[PDB]
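K.L.:
Coordinates in protein.cif, mmCIF, C-alpha atoms and all ligand atoms, are listed below.
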data_entry
loop_
_atom_site.label_atom_id
_atom_site.label_comp_id
_atom_site.auth_asym_id
_atom_site.auth_seq_id
_atom_site.Cartn_x
_atom_site.Cartn_y
_atom_site.Cartn_z
CA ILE W 19 0.00 0.00 0.00
CA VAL W 20 1.44 3.36 -1.14
CA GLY W 21 0.40 6.57 0.65
CA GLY W 22 -1.72 4.77 3.26
CA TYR W 23 -1.66 4.41 7.01
CA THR W 24 -0.95 1.81 9.67
CA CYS W 25 -4.29 0.02 10.19
CA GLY W 26 -3.87 -0.87 13.85
CA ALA W 27 -3.43 -4.46 15.06
CA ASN W 28 -6.35 -6.72 14.13
CA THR W 29 -8.64 -3.84 13.05
CA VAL W 30 -9.04 -5.63 9.70
CA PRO W 31 -9.89 -9.08 11.11
CA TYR W 32 -10.86 -10.61 7.72
CA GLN W 33 -7.44 -9.78 6.19
CA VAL W 34 -5.26 -12.83 5.63
CA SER W 35 -1.67 -13.36 4.48
CA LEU W 36 -0.96 -16.17 2.01
CA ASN W 37 2.41 -17.73 2.85
CA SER W 38 4.59 -20.12 0.81
CA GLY W 39 7.69 -19.81 2.98
CA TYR W 40 7.20 -16.00 2.76
CA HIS W 41 4.22 -13.64 2.42
CA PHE W 42 3.24 -13.35 -1.27
CA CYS W 43 -0.42 -12.24 -1.44
CA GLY W 44 -3.38 -11.09 0.62
CA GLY W 45 -6.85 -12.64 0.87
CA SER W 46 -10.16 -12.17 2.69
CA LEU W 47 -11.81 -14.61 5.11
CA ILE W 48 -15.46 -15.09 4.02
CA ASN W 49 -16.41 -17.81 6.53
CA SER W 50 -14.57 -20.14 8.94
CA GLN W 51 -13.37 -22.37 6.06
CA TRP W 52 -12.90 -20.21 2.97
CA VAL W 53 -10.73 -17.35 1.73
CA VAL W 54 -11.26 -15.23 -1.38
CA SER W 55 -8.07 -14.10 -3.19
CA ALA W 56 -6.89 -13.30 -6.74
CA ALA W 57 -6.43 -16.13 -9.24
CA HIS W 58 -3.06 -14.57 -10.12
CA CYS W 59 -2.03 -15.48 -6.53
CA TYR W 60 -2.50 -19.18 -7.26
CA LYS W 61 0.30 -21.54 -6.24
CA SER W 62 0.63 -24.94 -4.57
CA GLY W 63 1.60 -25.23 -0.88
CA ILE W 64 -0.30 -22.23 0.46
CA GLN W 65 -0.52 -21.64 4.20
CA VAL W 66 -3.22 -19.16 5.22
CA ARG W 67 -2.23 -16.86 8.10
CA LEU W 68 -5.06 -15.26 10.06
CA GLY W 69 -4.99 -12.77 12.93
CA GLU W 70 -1.76 -11.18 11.62
CA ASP W 71 -0.47 -7.71 12.23
CA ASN W 72 3.33 -7.88 12.07
CA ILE W 73 3.87 -10.66 9.48
CA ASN W 74 7.46 -11.22 10.69
CA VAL W 75 6.69 -11.65 14.43
CA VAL W 76 4.42 -14.12 16.22
CA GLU W 77 2.44 -11.72 18.43
CA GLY W 78 -0.09 -14.15 19.95
CA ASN W 79 -3.31 -13.87 17.93
CA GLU W 80 -2.33 -15.77 14.79
CA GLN W 81 -3.87 -18.89 13.36
CA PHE W 82 -1.77 -20.61 10.67
CA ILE W 83 -3.89 -23.05 8.63
CA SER W 84 -2.79 -24.94 5.51
CA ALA W 85 -4.94 -24.78 2.38
CA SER W 86 -6.61 -28.10 1.48
CA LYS W 87 -7.71 -26.95 -2.00
CA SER W 88 -7.53 -23.91 -4.25
CA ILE W 89 -10.13 -23.23 -6.92
CA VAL W 90 -9.26 -20.72 -9.60
CA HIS W 91 -12.25 -19.19 -11.40
CA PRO W 92 -13.16 -21.38 -14.43
CA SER W 93 -12.90 -18.39 -16.81
CA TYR W 94 -9.77 -16.79 -15.33
CA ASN W 95 -7.55 -15.41 -18.09
CA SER W 96 -4.03 -14.73 -16.84
CA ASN W 97 -3.22 -12.52 -19.85
CA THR W 98 -6.10 -10.05 -19.47
CA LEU W 99 -6.68 -10.76 -15.75
CA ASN W 100 -10.38 -11.11 -16.55
CA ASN W 101 -12.08 -13.08 -13.70
CA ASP W 102 -9.08 -12.63 -11.36
CA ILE W 103 -10.61 -14.52 -8.39
CA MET W 104 -9.86 -17.75 -6.54
CA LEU W 105 -11.27 -19.57 -3.51
CA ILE W 106 -8.98 -21.25 -0.99
CA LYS W 107 -10.35 -23.85 1.40
CA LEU W 108 -8.72 -24.23 4.81
CA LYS W 109 -7.77 -27.73 6.08
CA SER W 110 -9.53 -26.92 9.36
CA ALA W 111 -12.05 -24.24 10.33
CA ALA W 112 -10.59 -21.01 11.74
CA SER W 113 -11.68 -20.13 15.26
CA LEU W 114 -13.69 -16.91 14.82
CA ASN W 115 -13.18 -14.16 17.45
CA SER W 116 -12.58 -10.37 17.71
CA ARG W 117 -9.26 -10.61 15.86
CA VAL W 118 -10.26 -13.25 13.28
CA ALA W 119 -13.58 -12.62 11.55
CA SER W 120 -15.31 -13.13 8.23
CA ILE W 121 -16.28 -10.32 5.86
CA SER W 122 -19.73 -10.26 4.19
CA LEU W 123 -20.17 -10.92 0.48
CA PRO W 124 -22.14 -8.24 -1.36
CA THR W 125 -25.80 -8.61 -2.33
CA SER W 126 -25.49 -5.64 -4.68
CA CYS W 127 -22.56 -3.99 -6.48
CA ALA W 128 -20.88 -0.91 -4.99
CA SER W 129 -21.47 2.64 -6.22
CA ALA W 130 -19.06 5.04 -7.94
CA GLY W 131 -17.77 7.56 -5.39
CA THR W 132 -18.04 5.16 -2.42
CA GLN W 133 -15.00 5.28 -0.13
CA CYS W 134 -13.59 1.75 0.37
CA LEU W 135 -10.92 0.27 2.63
CA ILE W 136 -8.00 -1.46 0.86
CA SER W 137 -5.38 -3.25 2.95
CA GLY W 138 -2.20 -5.30 2.74
CA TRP W 139 1.47 -5.90 3.38
CA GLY W 140 2.57 -4.83 -0.10
CA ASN W 141 5.20 -2.37 -1.26
CA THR W 142 4.81 1.11 0.27
CA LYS W 143 6.85 2.98 -2.37
CA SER W 144 5.70 4.09 -5.85
CA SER W 145 9.30 3.90 -7.04
CA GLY W 146 11.81 1.71 -5.26
CA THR W 147 10.87 -1.01 -2.79
CA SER W 148 10.02 -1.06 0.88
CA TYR W 149 7.93 -3.79 2.47
CA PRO W 150 6.19 -3.03 5.77
CA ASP W 151 5.98 -5.30 8.80
CA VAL W 152 2.54 -4.33 9.97
CA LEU W 153 -0.72 -4.20 8.00
CA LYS W 154 -1.25 -1.03 5.96
CA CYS W 155 -4.59 0.51 5.01
CA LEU W 156 -5.86 2.95 2.38
CA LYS W 157 -9.19 4.65 2.03
CA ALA W 158 -9.92 5.06 -1.69
CA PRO W 159 -13.06 5.90 -3.72
CA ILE W 160 -14.52 3.81 -6.51
CA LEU W 161 -13.99 5.61 -9.84
CA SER W 162 -16.59 5.94 -12.60
CA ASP W 163 -16.48 3.22 -15.22
CA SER W 164 -15.83 5.82 -17.94
CA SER W 165 -12.75 7.23 -16.12
CA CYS W 166 -11.58 3.65 -15.48
CA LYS W 167 -11.88 2.79 -19.18
CA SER W 168 -10.18 6.07 -20.13
CA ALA W 169 -7.23 5.24 -17.88
CA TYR W 170 -6.80 1.77 -19.37
CA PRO W 171 -8.23 1.81 -22.91
CA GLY W 172 -9.17 -1.62 -24.24
CA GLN W 173 -8.37 -3.42 -20.95
CA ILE W 174 -11.27 -2.90 -18.53
CA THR W 175 -13.95 -5.59 -18.56
CA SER W 176 -17.33 -5.64 -16.78
CA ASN W 177 -15.57 -7.82 -14.15
CA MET W 178 -13.23 -4.99 -13.13
CA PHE W 179 -13.47 -1.61 -11.47
CA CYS W 180 -11.02 1.18 -10.68
CA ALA W 181 -10.51 2.75 -7.26
CA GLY W 182 -8.03 5.35 -6.08
CA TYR W 183 -6.70 8.75 -7.06
CA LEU W 184 -5.93 9.93 -10.57
CA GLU W 185 -3.47 12.50 -9.17
CA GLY W 186 -1.28 9.61 -7.97
CA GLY W 187 0.40 9.04 -4.62
CA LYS W 188 -2.17 6.64 -3.08
CA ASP W 189 -2.73 3.05 -4.29
CA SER W 190 -2.36 -0.65 -3.60
CA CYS W 191 0.82 -2.28 -4.95
CA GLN W 192 2.84 -5.49 -5.43
CA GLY W 193 2.32 -7.78 -2.44
CA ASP W 194 -1.21 -6.44 -1.80
CA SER W 195 -2.50 -8.71 -4.60
CA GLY W 196 -5.49 -10.85 -3.63
CA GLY W 197 -6.34 -8.61 -0.69
CA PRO W 198 -9.65 -6.93 0.19
CA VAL W 199 -11.44 -3.86 -1.04
CA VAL W 200 -14.28 -3.47 1.46
CA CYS W 201 -17.03 -0.90 0.83
CA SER W 202 -19.89 -0.34 3.25
CA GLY W 203 -18.95 -3.53 5.15
CA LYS W 204 -19.04 -5.79 2.03
CA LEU W 205 -16.16 -7.41 0.14
CA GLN W 206 -16.56 -5.56 -3.20
CA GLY W 207 -13.11 -5.89 -4.73
CA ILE W 208 -9.89 -7.91 -4.84
CA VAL W 209 -6.47 -6.28 -5.43
CA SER W 210 -5.82 -7.29 -9.06
CA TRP W 211 -3.67 -5.04 -11.27
CA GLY W 212 -2.56 -1.57 -12.36
CA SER W 213 0.30 0.15 -14.18
CA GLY W 214 2.96 0.50 -11.51
CA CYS W 215 1.58 1.81 -8.20
CA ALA W 216 0.32 5.29 -7.27
CA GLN W 217 1.14 6.58 -10.76
CA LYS W 218 -0.68 9.62 -12.16
CA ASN W 219 -3.73 8.58 -14.29
CA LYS W 220 -3.14 4.92 -13.46
CA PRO W 221 -5.51 3.96 -10.61
CA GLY W 222 -5.80 0.48 -9.08
CA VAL W 223 -7.87 -2.14 -10.94
CA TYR W 224 -9.91 -4.53 -8.82
CA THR W 225 -11.86 -7.73 -9.41
CA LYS W 226 -15.59 -6.93 -9.22
CA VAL W 227 -16.65 -9.41 -6.50
CA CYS W 228 -20.43 -8.76 -6.82
CA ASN W 229 -20.28 -10.56 -10.20
CA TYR W 230 -19.04 -13.79 -8.53
CA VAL W 231 -21.36 -14.28 -5.56
CA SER W 232 -23.35 -17.02 -7.34
CA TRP W 233 -20.15 -18.91 -8.27
CA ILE W 234 -18.74 -18.45 -4.76
CA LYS W 235 -21.93 -19.73 -3.10
CA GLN W 236 -22.28 -22.73 -5.41
CA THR W 237 -18.58 -23.61 -5.09
CA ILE W 238 -18.51 -23.52 -1.30
CA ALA W 239 -21.77 -25.53 -1.20
CA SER W 240 -20.00 -28.34 -3.08
CA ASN W 241 -16.42 -28.38 -1.82
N1 LIG L 301 -3.13 -1.06 -7.63
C1 LIG L 301 -2.02 -1.24 -8.33
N2 LIG L 301 -1.43 -0.25 -8.86
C2 LIG L 301 -1.49 -2.64 -8.48
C3 LIG L 301 -1.99 -3.63 -7.64
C4 LIG L 301 -1.54 -4.93 -7.75
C5 LIG L 301 -0.58 -5.27 -8.69
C6 LIG L 301 -0.15 -6.68 -8.75
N3 LIG L 301 1.06 -7.04 -8.85
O1 LIG L 301 1.31 -8.39 -8.88
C7 LIG L 301 2.56 -8.87 -8.40
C8 LIG L 301 2.50 -9.08 -6.90
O2 LIG L 301 1.55 -8.52 -6.16
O3 LIG L 301 3.34 -9.77 -6.36
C9 LIG L 301 -0.07 -4.29 -9.55
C10 LIG L 301 -0.54 -2.97 -9.44
CA CA L 302 2.48 -12.02 13.39
#
Do you think you could lay out the structure here as C-alpha cells?

P.N.:
Amino acid sequence: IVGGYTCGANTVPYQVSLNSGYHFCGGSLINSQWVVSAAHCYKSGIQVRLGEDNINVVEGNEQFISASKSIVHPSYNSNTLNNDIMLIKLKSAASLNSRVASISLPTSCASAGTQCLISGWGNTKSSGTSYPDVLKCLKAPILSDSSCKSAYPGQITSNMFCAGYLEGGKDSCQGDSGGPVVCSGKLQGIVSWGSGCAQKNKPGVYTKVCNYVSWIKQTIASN
C-alpha cells in the first residue's frame, strides 16, 4: 500500500496473508473455512495466516492453517486478468473471534464515489521497494467506469473496477494482490492489477466481486 496508514493491530480481522515460505499475497476470510483471493495469486503449498499484524513476528493472535484446496475461477484469463478470483479452502475451520472474523459478500454492487478500505502488506513505495511489517490501510473511492476505461483503454472488462486517485500518490501495490477492497462492510473488490503503483492517471484495478457471488456460493456448497 502506497500513501496509506498503519491500520492498527487486528482492526481488519478478515485480512489474511498467504504464505509459501514467505508472504506473497493477501486474501479475505469469508467464513470459517474459505478465503477469497486473486487467481493470479495461485500456487501450490499455500498456508493461510489469520490474525496477523506484524507478518514477521508471532504476536499471539495468529492462526496458521494450511490450504486443502484452491479453486481458480473457471474463466480466469491470466493474460487479461479477466475473472481474477480464486477460492482457498482451509484444512480446518478457523476459530472466529474479535481478531479473526469473516467479511460479508455483497448482495449488490458498490457505487461510484463510495469510499472503500484497501489493505495489505505490499510495497509502500511508488518507485523503489520497501515492504512493511505491519498491516497497511488505504481509504480510496470507486472511480466511474468511464474514467476507469479512459485510464486503461481496451483493458477494462465488466468484471473490473477502478478505485483510487488519478493524481497519484495513493494506491495498492505489489504484495497487496489478492487482498480486500471493502465498501460499506461488504467485500466488493480484490487487489488485481494496475500500471505500476500510485502513478498519475493509473488507478488500481480490482476484481468486481459482486459478479461472482453465485459462483462463490455454489462452489462452497460443493467443496
Ligand atoms: N493497484 C495497483 N497499482 C497494483 C496492484 C496490484 C498489482 C499486482 N502485482 O502483482 C505482483 C504481486 O503482487 O506480487 C499491480 C498494481
Ligand atoms: Ca504475526

K.L.:
Show me, as an NGL selection string, the residues that have an atom within 7 Å of residue 135 in chain W when counting all atoms listed in the file, minus same-chain residues fewer than 3 positions from it.

P.N.:
:W and (155-158 or 199-201)

K.L.:
May I have the residues within 10 Å of residue 142 in chain W as a list in words, using all atoms listed in the file and disregarding those fewer than 4 positions away in the same chain?

P.N.:
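The contact residues come out as residues 19, 20, 21, 22, 23, 138, 146, 147, 148, 149, 150, 154, 188, 189, 190, 191, 192, 193, 194, 215 and 216 of chain W.
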
K.L.:
Kindly compute an axis-aligned box around the listed atoms of range 196-208 of chain W, allowing 8 Å on each side, and express its centre and edge lengths in Å to one decimal as AutoDock Vina command-line options.

P.N.:
--center_x -12.7 --center_y -5.6 --center_z 0.2 --size_x 30.4 --size_y 26.5 --size_z 26.0

K.L.:
Check which residues of chain W sit at most 7 Å from ligand CA 302 (chain L) using all atoms listed in the file, and return one row each with the closest pair of atoms and their distance in Å to one decimal, ordered by chain and rising number, as JSON lines.

P.N.:
{"residue": "W:70", "atom": "CA", "partner": "L:CA302", "partner_atom": "CA", "distance": 4.7}
{"residue": "W:71", "atom": "CA", "partner": "L:CA302", "partner_atom": "CA", "distance": 5.4}
{"residue": "W:72", "atom": "CA", "partner": "L:CA302", "partner_atom": "CA", "distance": 4.4}
{"residue": "W:73", "atom": "CA", "partner": "L:CA302", "partner_atom": "CA", "distance": 4.4}
{"residue": "W:74", "atom": "CA", "partner": "L:CA302", "partner_atom": "CA", "distance": 5.7}
{"residue": "W:75", "atom": "CA", "partner": "L:CA302", "partner_atom": "CA", "distance": 4.4}
{"residue": "W:76", "atom": "CA", "partner": "L:CA302", "partner_atom": "CA", "distance": 4.0}
{"residue": "W:77", "atom": "CA", "partner": "L:CA302", "partner_atom": "CA", "distance": 5.0}
{"residue": "W:80", "atom": "CA", "partner": "L:CA302", "partner_atom": "CA", "distance": 6.3}

K.L.:
Tell me which of W:183, W:230, W:42, W:139 sits closest to ligand LIG 301 (chain L), counting only C-alpha atoms and all ligand atoms.

P.N.:
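With only C-alpha atoms and all ligand atoms as the atom set, the closest residue is W:42.
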
K.L.:
Would you mind telling me which residue in W:176, W:229, W:86, W:55 lies nearest to ligand LIG 301 (chain L) when using all atoms listed in the file?

P.N.:
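So, comparing all the options, the nearest one is W:55.
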